[PDB]
2 protein chains.
Amino acid sequence: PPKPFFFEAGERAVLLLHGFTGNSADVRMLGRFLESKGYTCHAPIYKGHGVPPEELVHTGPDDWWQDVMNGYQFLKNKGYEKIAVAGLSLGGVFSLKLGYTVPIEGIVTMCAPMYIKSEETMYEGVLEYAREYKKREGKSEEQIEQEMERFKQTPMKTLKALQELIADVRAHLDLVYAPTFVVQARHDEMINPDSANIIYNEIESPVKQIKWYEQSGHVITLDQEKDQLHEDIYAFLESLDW
Amino acid sequence: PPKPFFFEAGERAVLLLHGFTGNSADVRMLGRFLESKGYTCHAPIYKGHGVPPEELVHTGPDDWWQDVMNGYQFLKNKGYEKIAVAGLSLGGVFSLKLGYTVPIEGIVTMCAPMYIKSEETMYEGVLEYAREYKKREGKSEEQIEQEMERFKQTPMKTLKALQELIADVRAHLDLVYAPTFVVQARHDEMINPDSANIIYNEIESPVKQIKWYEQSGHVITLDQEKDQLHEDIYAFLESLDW
(Lines give C-alpha, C1' and ligand atoms only; values in the text may rest on other atoms or scores of the structure.)
Protein backbone atom coordinates (compact mmCIF):
# COMPACT_ATOMS: atom_id res chain seq x y z
CA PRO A 1 0.00 0.00 0.00
CA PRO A 2 2.35 2.72 -1.33
CA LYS A 3 2.15 6.23 0.10
CA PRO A 4 3.39 9.65 -0.94
CA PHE A 5 6.67 10.57 0.73
CA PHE A 6 8.60 13.58 1.98
CA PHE A 7 12.29 13.13 2.76
CA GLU A 8 13.42 16.28 4.56
CA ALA A 9 17.07 17.40 4.25
CA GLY A 10 18.81 20.52 2.88
CA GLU A 11 17.28 23.67 1.33
CA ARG A 12 17.40 22.37 -2.27
CA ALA A 13 14.15 20.56 -3.11
CA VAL A 14 13.24 17.97 -5.74
CA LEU A 15 9.68 16.97 -6.74
CA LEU A 16 9.65 13.29 -7.89
CA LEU A 17 6.83 12.27 -10.28
CA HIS A 18 5.96 8.64 -11.14
CA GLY A 19 4.40 7.25 -14.32
CA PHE A 20 1.02 6.00 -15.59
CA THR A 21 -0.04 2.89 -13.58
CA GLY A 22 2.98 3.41 -11.33
CA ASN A 23 3.32 5.01 -7.87
CA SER A 24 5.76 6.62 -5.42
CA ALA A 25 7.54 3.29 -4.91
CA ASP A 26 8.98 3.72 -8.40
CA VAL A 27 10.93 6.83 -7.40
CA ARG A 28 11.54 6.17 -3.67
CA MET A 29 15.13 4.93 -3.91
CA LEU A 30 16.00 7.93 -6.04
CA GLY A 31 14.44 10.08 -3.35
CA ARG A 32 16.46 8.30 -0.70
CA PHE A 33 19.70 8.80 -2.63
CA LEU A 34 18.99 12.50 -3.16
CA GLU A 35 18.06 12.84 0.50
CA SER A 36 21.40 11.34 1.56
CA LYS A 37 23.12 13.92 -0.66
CA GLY A 38 21.21 16.65 1.15
CA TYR A 39 18.27 17.16 -1.25
CA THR A 40 14.81 17.20 0.31
CA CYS A 41 12.40 15.22 -1.81
CA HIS A 42 8.63 14.98 -2.19
CA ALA A 43 6.77 12.37 -4.23
CA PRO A 44 2.98 12.55 -4.46
CA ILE A 45 0.81 9.73 -5.86
CA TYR A 46 -1.61 10.47 -8.71
CA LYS A 47 -5.31 9.81 -8.24
CA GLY A 48 -6.25 6.31 -9.35
CA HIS A 49 -2.75 5.13 -8.54
CA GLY A 50 -1.54 3.22 -5.51
CA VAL A 51 -5.06 1.74 -5.25
CA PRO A 52 -6.88 -1.19 -6.91
CA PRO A 53 -6.91 -0.88 -10.76
CA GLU A 54 -10.68 -0.40 -10.78
CA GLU A 55 -10.09 3.07 -9.35
CA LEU A 56 -7.68 4.03 -12.16
CA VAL A 57 -10.31 3.69 -14.93
CA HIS A 58 -12.18 6.89 -14.11
CA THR A 59 -9.14 9.14 -13.68
CA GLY A 60 -7.20 10.95 -16.38
CA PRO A 61 -4.42 13.53 -16.83
CA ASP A 62 -6.64 16.37 -15.60
CA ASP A 63 -6.70 14.57 -12.25
CA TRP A 64 -3.02 13.57 -12.17
CA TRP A 65 -1.98 17.13 -13.09
CA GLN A 66 -3.67 18.37 -9.88
CA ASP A 67 -1.60 15.91 -7.91
CA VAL A 68 1.52 17.19 -9.69
CA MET A 69 0.70 20.85 -8.95
CA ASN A 70 -0.26 20.19 -5.34
CA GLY A 71 3.01 18.28 -5.01
CA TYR A 72 4.89 21.37 -6.14
CA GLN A 73 2.81 23.51 -3.78
CA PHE A 74 3.48 21.06 -0.98
CA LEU A 75 7.17 21.92 -1.20
CA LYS A 76 6.56 25.65 -1.63
CA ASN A 77 4.28 25.90 1.42
CA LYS A 78 6.97 23.98 3.30
CA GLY A 79 9.22 26.98 2.64
CA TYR A 80 11.36 25.66 -0.26
CA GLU A 81 12.24 28.54 -2.60
CA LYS A 82 13.77 26.73 -5.59
CA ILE A 83 12.41 23.43 -6.79
CA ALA A 84 13.73 20.93 -9.35
CA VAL A 85 11.67 18.06 -10.78
CA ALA A 86 12.43 14.51 -12.00
CA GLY A 87 9.74 12.43 -13.64
CA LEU A 88 9.62 8.78 -14.69
CA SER A 89 7.84 7.91 -17.93
CA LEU A 90 4.57 9.94 -18.02
CA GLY A 91 6.03 11.68 -14.95
CA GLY A 92 8.68 13.09 -17.27
CA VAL A 93 5.97 14.46 -19.55
CA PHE A 94 4.45 16.22 -16.50
CA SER A 95 7.90 17.49 -15.48
CA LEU A 96 8.34 19.19 -18.84
CA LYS A 97 4.88 20.74 -18.56
CA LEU A 98 5.50 21.90 -15.00
CA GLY A 99 8.74 23.29 -16.40
CA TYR A 100 6.88 25.83 -18.51
CA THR A 101 4.07 26.43 -15.96
CA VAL A 102 5.83 27.32 -12.69
CA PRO A 103 9.43 28.31 -11.67
CA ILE A 104 11.65 25.22 -11.96
CA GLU A 105 15.37 24.98 -11.17
CA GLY A 106 16.08 21.96 -13.33
CA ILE A 107 14.17 19.21 -15.14
CA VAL A 108 15.01 15.50 -15.34
CA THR A 109 12.90 13.33 -17.69
CA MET A 110 13.38 9.57 -17.39
CA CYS A 111 12.14 7.52 -20.35
CA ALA A 112 9.32 9.98 -21.00
CA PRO A 113 7.06 9.05 -23.96
CA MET A 114 6.83 11.55 -26.79
CA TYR A 115 5.10 9.24 -29.35
CA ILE A 116 1.32 8.79 -29.36
CA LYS A 117 0.08 5.25 -28.82
CA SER A 118 -3.34 4.13 -30.01
CA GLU A 119 -6.11 3.75 -27.41
CA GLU A 120 -6.16 0.04 -28.10
CA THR A 121 -2.47 -0.31 -27.16
CA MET A 122 -2.77 1.89 -24.05
CA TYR A 123 -5.76 -0.11 -22.86
CA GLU A 124 -3.88 -3.39 -23.37
CA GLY A 125 -1.28 -1.97 -21.04
CA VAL A 126 -3.94 -1.10 -18.48
CA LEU A 127 -5.28 -4.66 -18.71
CA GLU A 128 -1.83 -6.11 -18.02
CA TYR A 129 -1.46 -3.72 -15.08
CA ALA A 130 -4.81 -4.79 -13.55
CA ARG A 131 -4.24 -8.51 -14.01
CA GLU A 132 -0.71 -8.23 -12.58
CA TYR A 133 -2.06 -6.34 -9.56
CA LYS A 134 -4.68 -8.99 -8.84
CA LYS A 135 -1.97 -11.64 -9.10
CA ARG A 136 0.09 -9.74 -6.54
CA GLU A 137 -2.98 -9.67 -4.29
CA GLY A 138 -2.71 -13.44 -4.12
CA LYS A 139 -6.05 -14.06 -5.82
CA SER A 140 -6.35 -17.25 -7.88
CA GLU A 141 -6.41 -17.60 -11.67
CA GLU A 142 -10.14 -18.21 -11.22
CA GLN A 143 -10.96 -15.08 -9.21
CA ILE A 144 -8.63 -13.00 -11.40
CA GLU A 145 -10.48 -14.07 -14.51
CA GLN A 146 -13.87 -13.24 -13.08
CA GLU A 147 -12.70 -9.83 -11.82
CA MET A 148 -10.99 -9.02 -15.12
CA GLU A 149 -14.19 -9.76 -17.01
CA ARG A 150 -16.04 -7.36 -14.70
CA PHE A 151 -13.17 -4.91 -15.17
CA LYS A 152 -13.70 -4.90 -18.94
CA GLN A 153 -17.39 -3.96 -18.68
CA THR A 154 -16.21 -0.41 -17.89
CA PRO A 155 -14.21 1.25 -20.64
CA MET A 156 -11.57 3.82 -19.80
CA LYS A 157 -12.81 7.01 -21.44
CA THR A 158 -9.73 8.97 -20.38
CA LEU A 159 -7.29 7.40 -22.82
CA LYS A 160 -8.18 10.04 -25.47
CA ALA A 161 -7.21 12.74 -22.93
CA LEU A 162 -3.93 10.88 -22.31
CA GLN A 163 -3.21 11.07 -26.05
CA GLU A 164 -4.04 14.80 -25.80
CA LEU A 165 -1.57 15.35 -22.94
CA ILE A 166 1.38 13.85 -24.82
CA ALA A 167 0.49 15.73 -27.99
CA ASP A 168 0.08 19.01 -26.12
CA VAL A 169 3.39 18.80 -24.24
CA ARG A 170 5.12 17.65 -27.43
CA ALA A 171 3.71 20.70 -29.23
CA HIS A 172 4.98 22.96 -26.43
CA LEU A 173 8.51 21.69 -25.90
CA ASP A 174 9.77 24.99 -27.27
CA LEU A 175 8.39 26.64 -24.10
CA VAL A 176 10.88 24.71 -21.95
CA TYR A 177 13.90 26.83 -20.95
CA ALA A 178 14.96 25.41 -17.61
CA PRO A 179 18.13 23.20 -17.51
CA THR A 180 17.05 19.72 -18.62
CA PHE A 181 18.62 16.27 -18.39
CA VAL A 182 16.94 13.80 -20.74
CA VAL A 183 17.42 10.19 -19.49
CA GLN A 184 16.62 7.20 -21.72
CA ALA A 185 16.97 3.41 -21.92
CA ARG A 186 18.47 2.68 -25.34
CA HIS A 187 16.44 -0.54 -25.57
CA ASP A 188 13.18 0.66 -24.09
CA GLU A 189 10.46 -1.95 -24.51
CA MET A 190 7.51 0.21 -23.47
CA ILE A 191 7.93 3.51 -25.40
CA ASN A 192 9.77 4.59 -28.56
CA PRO A 193 13.25 5.54 -27.24
CA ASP A 194 13.57 8.12 -30.01
CA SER A 195 11.26 10.16 -27.70
CA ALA A 196 14.46 11.23 -25.96
CA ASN A 197 15.80 12.86 -29.12
CA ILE A 198 12.58 14.83 -29.63
CA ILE A 199 12.71 16.21 -26.10
CA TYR A 200 16.42 16.99 -26.25
CA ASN A 201 16.28 18.67 -29.68
CA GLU A 202 12.98 20.60 -29.34
CA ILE A 203 13.26 22.23 -25.90
CA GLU A 204 14.84 25.71 -25.92
CA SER A 205 16.89 25.24 -22.75
CA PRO A 206 20.44 26.72 -23.09
CA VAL A 207 21.54 23.98 -20.66
CA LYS A 208 20.40 20.62 -22.00
CA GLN A 209 21.88 17.13 -21.64
CA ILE A 210 20.84 13.69 -22.84
CA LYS A 211 22.20 10.32 -21.71
CA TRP A 212 21.48 6.84 -22.95
CA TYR A 213 21.60 3.78 -20.71
CA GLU A 214 22.52 0.66 -22.68
CA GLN A 215 21.61 -2.08 -20.18
CA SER A 216 18.47 -0.75 -18.58
CA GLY A 217 14.83 -1.36 -19.43
CA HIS A 218 12.00 1.20 -19.43
CA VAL A 219 11.55 1.52 -15.62
CA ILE A 220 15.13 2.71 -15.31
CA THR A 221 14.77 3.63 -11.62
CA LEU A 222 14.32 -0.06 -10.70
CA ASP A 223 16.74 -1.61 -13.18
CA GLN A 224 20.39 -2.70 -13.04
CA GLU A 225 21.78 0.80 -13.74
CA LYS A 226 20.03 2.71 -10.97
CA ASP A 227 23.27 3.47 -9.19
CA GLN A 228 24.76 5.14 -12.25
CA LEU A 229 21.41 6.91 -12.80
CA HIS A 230 21.53 8.26 -9.25
CA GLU A 231 25.07 9.53 -9.71
CA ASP A 232 24.20 11.17 -13.02
CA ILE A 233 21.11 12.94 -11.71
CA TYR A 234 23.02 14.07 -8.62
CA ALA A 235 25.85 15.47 -10.76
CA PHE A 236 23.31 17.21 -12.96
CA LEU A 237 21.49 18.80 -9.99
CA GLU A 238 24.83 19.89 -8.47
CA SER A 239 25.69 21.71 -11.71
CA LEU A 240 22.70 24.07 -11.37
CA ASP A 241 22.93 27.58 -9.89
CA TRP A 242 20.31 27.14 -7.18
CA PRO B 1 59.78 20.30 -29.01
CA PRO B 2 56.87 17.84 -28.71
CA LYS B 3 57.02 14.33 -30.12
CA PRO B 4 54.59 11.52 -31.00
CA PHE B 5 53.99 9.12 -28.09
CA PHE B 6 53.17 5.44 -27.69
CA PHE B 7 52.02 4.22 -24.28
CA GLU B 8 51.84 0.40 -24.40
CA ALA B 9 49.33 -1.30 -22.14
CA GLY B 10 46.73 -3.91 -23.06
CA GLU B 11 45.25 -5.09 -26.33
CA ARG B 12 42.58 -2.36 -26.50
CA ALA B 13 44.21 0.44 -28.47
CA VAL B 14 43.24 4.10 -28.85
CA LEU B 15 44.61 6.48 -31.48
CA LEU B 16 44.72 10.05 -30.10
CA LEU B 17 44.52 12.83 -32.70
CA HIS B 18 45.30 16.49 -31.90
CA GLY B 19 43.91 19.66 -33.49
CA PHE B 20 44.89 22.35 -35.98
CA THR B 21 47.92 24.28 -34.58
CA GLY B 22 48.16 21.77 -31.74
CA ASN B 23 50.39 18.74 -31.15
CA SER B 24 50.56 15.59 -29.05
CA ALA B 25 51.04 17.48 -25.79
CA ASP B 26 47.36 18.40 -26.12
CA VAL B 27 46.19 14.81 -25.74
CA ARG B 28 49.05 13.49 -23.55
CA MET B 29 47.33 13.60 -20.15
CA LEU B 30 44.38 11.74 -21.70
CA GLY B 31 46.88 9.19 -23.03
CA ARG B 32 48.47 8.71 -19.62
CA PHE B 33 45.07 8.33 -18.02
CA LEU B 34 43.88 5.74 -20.52
CA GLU B 35 47.23 3.92 -20.18
CA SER B 36 46.74 3.91 -16.40
CA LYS B 37 43.41 2.14 -17.10
CA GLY B 38 44.96 -0.52 -19.35
CA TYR B 39 44.49 1.08 -22.79
CA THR B 40 47.40 1.25 -25.25
CA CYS B 41 47.67 4.78 -26.71
CA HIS B 42 49.41 6.32 -29.70
CA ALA B 43 49.44 9.99 -30.71
CA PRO B 44 51.12 11.11 -33.92
CA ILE B 45 51.94 14.74 -34.74
CA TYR B 46 50.62 16.31 -37.97
CA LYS B 47 53.12 17.61 -40.52
CA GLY B 48 53.66 21.35 -40.00
CA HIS B 49 52.85 20.90 -36.31
CA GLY B 50 55.03 20.64 -33.20
CA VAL B 51 57.49 22.94 -35.04
CA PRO B 52 57.67 26.78 -35.65
CA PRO B 53 54.56 28.46 -37.14
CA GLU B 54 56.38 29.25 -40.39
CA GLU B 55 56.27 25.50 -41.17
CA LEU B 56 52.51 25.20 -40.63
CA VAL B 57 51.50 27.48 -43.52
CA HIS B 58 53.04 25.15 -46.10
CA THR B 59 50.97 22.15 -44.94
CA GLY B 60 47.32 21.23 -45.33
CA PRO B 61 44.75 18.54 -44.49
CA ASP B 62 46.02 16.27 -47.28
CA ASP B 63 49.29 16.20 -45.31
CA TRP B 64 47.79 15.87 -41.85
CA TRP B 65 45.45 13.06 -42.98
CA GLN B 66 48.52 11.02 -43.94
CA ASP B 67 49.78 11.34 -40.39
CA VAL B 68 46.39 10.23 -39.08
CA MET B 69 46.41 7.11 -41.37
CA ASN B 70 50.05 6.31 -40.55
CA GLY B 71 49.02 6.61 -36.90
CA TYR B 72 46.28 4.02 -37.39
CA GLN B 73 48.73 1.81 -39.30
CA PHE B 74 51.33 2.20 -36.56
CA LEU B 75 48.97 0.43 -34.17
CA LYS B 76 47.89 -2.20 -36.74
CA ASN B 77 51.51 -3.05 -37.57
CA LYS B 78 52.05 -3.64 -33.86
CA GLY B 79 49.40 -6.33 -33.66
CA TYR B 80 46.48 -4.36 -32.24
CA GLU B 81 43.33 -5.90 -33.63
CA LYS B 82 40.75 -3.35 -32.47
CA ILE B 83 41.34 0.40 -32.50
CA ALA B 84 39.24 3.29 -31.12
CA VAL B 85 40.00 6.95 -31.91
CA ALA B 86 39.59 10.23 -29.92
CA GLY B 87 40.27 13.57 -31.56
CA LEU B 88 40.48 17.14 -30.29
CA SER B 89 38.95 19.87 -32.45
CA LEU B 90 40.08 19.23 -36.04
CA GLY B 91 41.31 15.86 -34.69
CA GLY B 92 37.65 15.03 -34.10
CA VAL B 93 36.82 15.69 -37.74
CA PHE B 94 39.60 13.29 -38.75
CA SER B 95 38.29 10.84 -36.12
CA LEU B 96 34.89 10.86 -37.76
CA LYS B 97 36.44 10.50 -41.23
CA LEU B 98 38.65 7.63 -40.03
CA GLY B 99 35.47 6.15 -38.59
CA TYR B 100 34.07 5.50 -42.05
CA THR B 101 37.36 4.76 -43.77
CA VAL B 102 38.84 1.88 -41.74
CA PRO B 103 37.55 -0.45 -38.98
CA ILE B 104 37.12 1.55 -35.77
CA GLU B 105 35.83 0.22 -32.44
CA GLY B 106 34.69 3.61 -31.16
CA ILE B 107 34.97 7.35 -31.80
CA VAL B 108 35.32 10.25 -29.40
CA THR B 109 35.05 13.77 -30.92
CA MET B 110 36.05 16.60 -28.56
CA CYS B 111 34.96 20.08 -29.66
CA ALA B 112 35.07 19.27 -33.36
CA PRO B 113 33.98 22.06 -35.73
CA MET B 114 31.16 21.40 -38.22
CA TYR B 115 30.58 25.00 -39.31
CA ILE B 116 32.68 26.50 -42.05
CA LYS B 117 34.63 29.57 -40.97
CA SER B 118 35.67 32.08 -43.56
CA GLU B 119 39.25 31.91 -44.73
CA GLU B 120 39.99 35.31 -43.16
CA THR B 121 38.84 34.19 -39.70
CA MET B 122 40.86 30.98 -39.98
CA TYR B 123 43.95 32.94 -40.92
CA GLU B 124 43.37 35.28 -37.96
CA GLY B 125 43.55 32.13 -35.88
CA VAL B 126 46.89 31.16 -37.45
CA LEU B 127 48.30 34.65 -36.78
CA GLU B 128 47.30 34.42 -33.12
CA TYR B 129 48.95 30.99 -32.86
CA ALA B 130 52.14 32.31 -34.45
CA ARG B 131 52.34 35.32 -32.14
CA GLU B 132 51.78 33.25 -29.00
CA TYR B 133 54.40 30.72 -30.10
CA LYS B 134 56.96 33.49 -30.66
CA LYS B 135 56.00 34.96 -27.29
CA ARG B 136 56.70 31.58 -25.65
CA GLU B 137 60.10 31.66 -27.36
CA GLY B 138 60.99 34.66 -25.20
CA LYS B 139 61.27 37.07 -28.10
CA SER B 140 60.72 40.79 -27.43
CA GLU B 141 57.55 42.51 -28.60
CA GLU B 142 59.62 44.38 -31.17
CA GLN B 143 61.20 41.21 -32.56
CA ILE B 144 57.83 39.42 -32.62
CA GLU B 145 56.31 42.28 -34.63
CA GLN B 146 59.14 42.15 -37.16
CA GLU B 147 58.77 38.40 -37.56
CA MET B 148 54.98 38.74 -37.83
CA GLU B 149 55.27 41.28 -40.65
CA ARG B 150 57.45 38.79 -42.51
CA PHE B 151 55.08 35.94 -41.67
CA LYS B 152 52.15 37.80 -43.25
CA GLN B 153 54.03 37.94 -46.58
CA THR B 154 53.36 34.25 -47.15
CA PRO B 155 49.70 33.33 -47.69
CA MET B 156 48.57 29.93 -46.41
CA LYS B 157 47.09 28.42 -49.57
CA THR B 158 45.65 25.41 -47.75
CA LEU B 159 42.92 27.11 -45.72
CA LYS B 160 40.63 26.45 -48.70
CA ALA B 161 41.43 22.71 -48.40
CA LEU B 162 40.66 22.99 -44.67
CA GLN B 163 37.19 24.30 -45.58
CA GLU B 164 36.86 21.38 -47.99
CA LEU B 165 37.71 18.87 -45.25
CA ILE B 166 35.06 20.18 -42.88
CA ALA B 167 32.40 20.39 -45.63
CA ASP B 168 33.28 16.90 -46.87
CA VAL B 169 33.13 15.21 -43.45
CA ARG B 170 29.98 17.12 -42.61
CA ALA B 171 28.39 15.98 -45.88
CA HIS B 172 29.26 12.40 -44.98
CA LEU B 173 28.28 12.14 -41.30
CA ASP B 174 25.58 9.66 -42.32
CA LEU B 175 28.41 7.21 -43.15
CA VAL B 176 29.49 7.02 -39.50
CA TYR B 177 28.12 3.88 -37.76
CA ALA B 178 30.75 3.08 -35.15
CA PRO B 179 29.80 3.89 -31.51
CA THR B 180 30.37 7.64 -31.01
CA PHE B 181 30.69 9.97 -28.03
CA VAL B 182 30.42 13.66 -28.90
CA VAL B 183 32.14 15.87 -26.29
CA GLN B 184 31.63 19.65 -26.32
CA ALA B 185 32.35 22.74 -24.22
CA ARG B 186 29.08 24.57 -23.88
CA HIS B 187 30.73 27.99 -24.08
CA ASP B 188 33.29 27.24 -26.77
CA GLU B 189 34.92 30.44 -27.97
CA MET B 190 36.86 29.03 -30.89
CA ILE B 191 34.17 27.09 -32.78
CA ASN B 192 30.36 27.16 -32.94
CA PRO B 193 29.38 24.71 -30.16
CA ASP B 194 26.21 23.80 -31.98
CA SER B 195 28.65 21.69 -34.06
CA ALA B 196 28.17 18.99 -31.41
CA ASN B 197 24.48 18.72 -32.21
CA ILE B 198 25.15 18.38 -35.90
CA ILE B 199 27.48 15.41 -35.27
CA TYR B 200 25.22 13.71 -32.74
CA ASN B 201 22.08 14.04 -34.83
CA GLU B 202 23.49 13.31 -38.27
CA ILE B 203 25.70 10.25 -37.72
CA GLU B 204 23.98 6.88 -38.13
CA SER B 205 25.55 5.10 -35.15
CA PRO B 206 23.05 2.95 -33.16
CA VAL B 207 25.19 3.76 -30.15
CA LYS B 208 25.73 7.52 -29.83
CA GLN B 209 26.18 9.79 -26.84
CA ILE B 210 26.73 13.52 -26.47
CA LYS B 211 27.89 15.35 -23.34
CA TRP B 212 28.28 19.05 -22.65
CA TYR B 213 30.82 20.55 -20.24
CA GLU B 214 29.66 23.80 -18.64
CA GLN B 215 32.96 25.16 -17.37
CA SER B 216 35.50 24.33 -20.05
CA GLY B 217 36.86 26.33 -22.92
CA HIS B 218 37.65 24.94 -26.36
CA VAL B 219 40.88 23.03 -25.51
CA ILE B 220 38.88 20.86 -23.16
CA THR B 221 41.70 18.36 -22.58
CA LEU B 222 43.78 21.06 -20.84
CA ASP B 223 41.03 22.82 -18.91
CA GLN B 224 39.47 22.47 -15.43
CA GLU B 225 37.10 19.59 -16.19
CA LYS B 226 39.71 17.21 -17.65
CA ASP B 227 39.46 14.76 -14.78
CA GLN B 228 35.74 14.40 -15.42
CA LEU B 229 36.39 14.24 -19.20
CA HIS B 230 38.89 11.41 -18.59
CA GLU B 231 36.39 9.44 -16.55
CA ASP B 232 33.65 9.91 -19.16
CA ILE B 233 35.82 8.73 -22.05
CA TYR B 234 37.05 5.74 -20.06
CA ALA B 235 33.46 4.80 -19.16
CA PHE B 236 32.46 5.16 -22.78
CA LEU B 237 35.36 2.98 -24.03
CA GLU B 238 34.55 0.41 -21.37
CA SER B 239 30.98 0.23 -22.64
CA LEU B 240 32.15 -1.04 -26.06
CA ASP B 241 32.24 -4.72 -27.09
CA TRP B 242 35.95 -4.95 -27.90
# chains A, B, ... in the order shown; residues from 1 in each chain; ligands from 1
call {"tool": "select_by_dssp", "arguments": {"residues": "segment 45-120 of chain B", "states": "helix (DSSP H, G or I)", "output": "JSON, numbers by chain"}}
result
{"B": [53, 54, 55, 56, 61, 62, 63, 64, 65, 66, 67, 68, 69, 70, 71, 72, 73, 74, 75, 76, 77, 90, 91, 92, 93, 94, 95, 96, 97, 98, 99, 119, 120]}
call {"tool": "closest_atom_pairs", "arguments": {"of": "chain A", "to": "chain B", "cutoff": "9 Å", "atoms": "only C-alpha atoms", "output": "Markdown table"}}
result
| residue | atom | partner | partner_atom | distance |
| --- | --- | --- | --- | --- |
| A:186 | CA | B:207 | CA | 8.3 |
| A:197 | CA | B:201 | CA | 8.6 |
| A:201 | CA | B:197 | CA | 8.6 |
| A:206 | CA | B:186 | CA | 8.9 |
| A:207 | CA | B:186 | CA | 8.2 |
| A:208 | CA | B:212 | CA | 8.1 |
| A:209 | CA | B:211 | CA | 6.5 |
| A:210 | CA | B:210 | CA | 6.9 |
| A:211 | CA | B:209 | CA | 6.5 |
| A:212 | CA | B:209 | CA | 6.8 |
| A:214 | CA | B:239 | CA | 8.5 |
| A:239 | CA | B:214 | CA | 8.3 |
call {"tool": "atom_distance", "arguments": {"atom1": "atom CA of residue 162 of chain B", "atom2": "atom CA of residue 128 of chain B"}}
result
17.5 Å
call {"tool": "select_by_dssp", "arguments": {"residues": "segment 134-199 of chain A", "states": "strand (DSSP E or B)", "output": "count of residues only"}}
result
6
call {"tool": "closest_residue", "arguments": {"among": "A:113, A:106, A:138, A:179", "to": "residue 218 of chain A", "atoms": "only C-alpha atoms"}}
result
A:113
call {"tool": "decode", "arguments": {"residues": "segment 182-204 of chain A", "atoms": "N, CA, C and O atoms", "output": "short mmCIF file (atom, residue, chain, number, x, y, z; two decimals), in the first residue's frame"}}
result
data_model
loop_
_atom_site.label_atom_id
_atom_site.label_comp_id
_atom_site.auth_asym_id
_atom_site.auth_seq_id
_atom_site.Cartn_x
_atom_site.Cartn_y
_atom_site.Cartn_z
N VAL A 182 17.80 14.81 -20.14
CA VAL A 182 16.94 13.80 -20.74
C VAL A 182 17.60 12.42 -20.53
O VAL A 182 18.69 12.18 -21.04
N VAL A 183 16.92 11.55 -19.78
CA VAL A 183 17.42 10.19 -19.49
C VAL A 183 16.63 9.17 -20.29
O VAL A 183 15.39 9.24 -20.34
N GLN A 184 17.32 8.20 -20.91
CA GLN A 184 16.62 7.20 -21.72
C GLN A 184 17.30 5.83 -21.87
O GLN A 184 18.52 5.75 -22.10
N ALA A 185 16.50 4.78 -21.74
CA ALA A 185 16.97 3.41 -21.92
C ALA A 185 17.08 3.24 -23.43
O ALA A 185 16.12 3.48 -24.15
N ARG A 186 18.27 2.88 -23.91
CA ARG A 186 18.47 2.68 -25.34
C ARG A 186 17.54 1.61 -25.90
O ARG A 186 17.05 1.73 -27.03
N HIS A 187 17.29 0.57 -25.12
CA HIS A 187 16.44 -0.54 -25.57
C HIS A 187 15.13 -0.59 -24.83
O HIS A 187 14.74 -1.63 -24.31
N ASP A 188 14.45 0.55 -24.77
CA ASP A 188 13.18 0.66 -24.09
C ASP A 188 12.13 -0.21 -24.77
O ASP A 188 11.91 -0.12 -25.97
N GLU A 189 11.46 -1.03 -23.98
CA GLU A 189 10.46 -1.95 -24.51
C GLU A 189 9.03 -1.43 -24.41
O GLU A 189 8.12 -2.01 -25.01
N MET A 190 8.84 -0.34 -23.67
CA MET A 190 7.51 0.21 -23.47
C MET A 190 7.16 1.47 -24.27
O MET A 190 5.99 1.67 -24.61
N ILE A 191 8.15 2.31 -24.57
CA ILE A 191 7.93 3.51 -25.40
C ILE A 191 8.99 3.57 -26.51
O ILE A 191 9.96 2.82 -26.48
N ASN A 192 8.79 4.44 -27.49
CA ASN A 192 9.77 4.59 -28.56
C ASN A 192 10.92 5.41 -27.95
O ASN A 192 10.75 6.58 -27.58
N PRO A 193 12.11 4.81 -27.83
CA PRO A 193 13.25 5.54 -27.24
C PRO A 193 13.66 6.81 -27.97
O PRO A 193 14.30 7.69 -27.38
N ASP A 194 13.25 6.93 -29.23
CA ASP A 194 13.57 8.12 -30.01
C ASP A 194 12.90 9.35 -29.36
O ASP A 194 13.24 10.47 -29.70
N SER A 195 11.95 9.10 -28.45
CA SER A 195 11.26 10.16 -27.70
C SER A 195 12.30 11.07 -27.06
O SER A 195 12.10 12.28 -26.91
N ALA A 196 13.41 10.47 -26.62
CA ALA A 196 14.46 11.23 -25.96
C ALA A 196 15.09 12.27 -26.89
O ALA A 196 15.45 13.36 -26.47
N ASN A 197 15.24 11.92 -28.16
CA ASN A 197 15.80 12.86 -29.12
C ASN A 197 14.86 14.04 -29.40
O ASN A 197 15.32 15.15 -29.62
N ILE A 198 13.56 13.78 -29.40
CA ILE A 198 12.58 14.83 -29.63
C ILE A 198 12.62 15.82 -28.48
O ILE A 198 12.64 17.02 -28.70
N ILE A 199 12.66 15.32 -27.26
CA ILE A 199 12.71 16.21 -26.10
C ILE A 199 14.00 17.03 -26.13
O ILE A 199 13.97 18.28 -26.07
N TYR A 200 15.12 16.33 -26.23
CA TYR A 200 16.42 16.99 -26.25
C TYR A 200 16.56 18.04 -27.36
O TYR A 200 17.07 19.14 -27.11
N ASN A 201 16.14 17.72 -28.58
CA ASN A 201 16.28 18.67 -29.68
C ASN A 201 15.25 19.80 -29.72
O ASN A 201 15.57 20.89 -30.17
N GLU A 202 14.02 19.57 -29.25
CA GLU A 202 12.98 20.60 -29.34
C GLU A 202 12.86 21.60 -28.18
O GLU A 202 12.28 22.67 -28.37
N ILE A 203 13.34 21.27 -26.99
CA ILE A 203 13.26 22.23 -25.90
C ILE A 203 14.22 23.36 -26.25
O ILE A 203 15.13 23.18 -27.07
N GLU A 204 14.01 24.53 -25.66
CA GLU A 204 14.84 25.71 -25.92
C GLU A 204 15.93 25.94 -24.89
O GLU A 204 16.78 26.81 -25.06
#
